[PDB]
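Residue numbers (the authors' numbering): 887 to 987. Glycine is no exception: its CB is placed at the ideal position from the N, C-alpha and C atoms. Worksheet: the structure to be examined is printed underneath.
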Ligand code: NA
């Protein structure tokens, strides 16, 4: 705590994703610094979905890539917890718009 948490330094986000009902899509996270400079998250950062996730969103905890296999049309924020190697955490979202075929 003379050093600062990694969660202060890094800012995760996901791309907005449309996915058609009955189709598959993917989304992956990107990071910025506190100036919206592109950043490489610390090596060993992990990713999990929160408990309120839609059941058709699966995550690869090694890199945060999210596979989406909906599901009822609508708008959904998939909750993702980013755990940095220093055990600090960010919360972010996978913003998904599911459209009808
Ligand atoms: Na952060």
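Between residue i and residue j, how many whole angstroms is the CB-CB distance? I'm expecting something under 8 Å.
i, j, result
"residue 915", "residue 900", "5 Å"
"residue 944", "residue 932", "That belief does not hold up - the Cβ atoms of residue 944 and residue 932 are roughly 15 Å apart, past 8 Å."
"residue 959", "residue 909", "So it is not a contact: roughly 12 Å between Cβ atoms."
"residue 919", "residue 925", "5 Å"
"residue 962", "residue 984", "7 Å"
To the nearest angstrom, how far is the alpha carbon of residue i from that of residue j?
i, j, result
"residue 980", "residue 957", "15 Å"
"residue 946", "residue 898", "15 Å"
"residue 890", "residue 902", "30 Å"
"residue 978", "residue 887", "24 Å"
"residue 972", "residue 948", "16 Å"
"residue 892", "residue 917", "12 Å"
Using a 10 Å radius around the Cβ and a threshold of 16 neighbouring Cβ atoms, would you call residue i buried or exposed?
i, result
"residue 929", "exposed"
"residue 950", "buried"
"residue 913", "buried"
"residue 927", "buried"
"residue 976", "buried"
Mind checking whether residue i and residue j have CB atoms under 9 Å apart?
i, j, result
"residue 939", "residue 965", "yes"
"residue 904", "residue 968", "no"
*Could you tell me which uninterrupted beta strand (DSSP E) segments, each at least 3 residues in length, are contained entirely in the stretch 938-966, listed from first to last along the chain?*
943-945 and 952-954
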